[PDB]
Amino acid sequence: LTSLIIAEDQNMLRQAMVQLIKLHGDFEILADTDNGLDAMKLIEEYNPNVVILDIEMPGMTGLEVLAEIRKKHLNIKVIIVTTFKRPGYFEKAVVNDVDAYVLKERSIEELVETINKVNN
């Protein structure tokens, strides 16, 4: 299947994504965490095909994690998934070559469609 790491600040939503993403699509979750520094280490350890990153997290924000994955040219699709409607955050994701930016206005079903489009 497609491997994923999920880094998300909120435990309730994070555990929900780990469970529902596996049921809504053809994915294996290698690791999940609420800390961006933790995520960056897991990412280098496991090399997942795709990562899902919240923005505002302790350690490293999702945007700093995205920036580092790109600096290092890792073969990894990156989806940011956030509540933030602020214009600044979307522009920072785009300039850093994010593969998709998904608002939490979308369902996990839509997020899965997005991962599939991105990974094809």
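Residue positions are given as counts along the sequence shown, with the first one as 1.
- Query: Which of the two stretches, 51-59 or 80-88, shows the higher mean Cα temperature factor in the record?
  - Reply: According to the entry, 80-88 carries the higher average C-alpha B-factor.
- Taking the entry's C-alpha B-factors for this chain, is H24 in the lowest, middle or highest third? Top third by C-alpha B-factor.
- What third of its chain's C-alpha B-factors does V65 belong to: lowest, middle or highest? Lowest third.
- Can you tell me which third, lowest, middle or highest, the CA B-factor of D32 falls into for its chain? Ranked within chain, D32 CA B lands in the lowest tercile.
- Message: Please place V118 in the lowest, middle or highest third of its chain according to the CA B-factor in the PDB entry.
- Response: Tercile = highest for this residue's CA B-factor.
- By its CA B factor, does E109 count among the lowest, middle or highest third of the modelled residues in the chain? For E109, whose C-alpha B-factor we compare with every modelled residue in the chain, the answer is the highest third.
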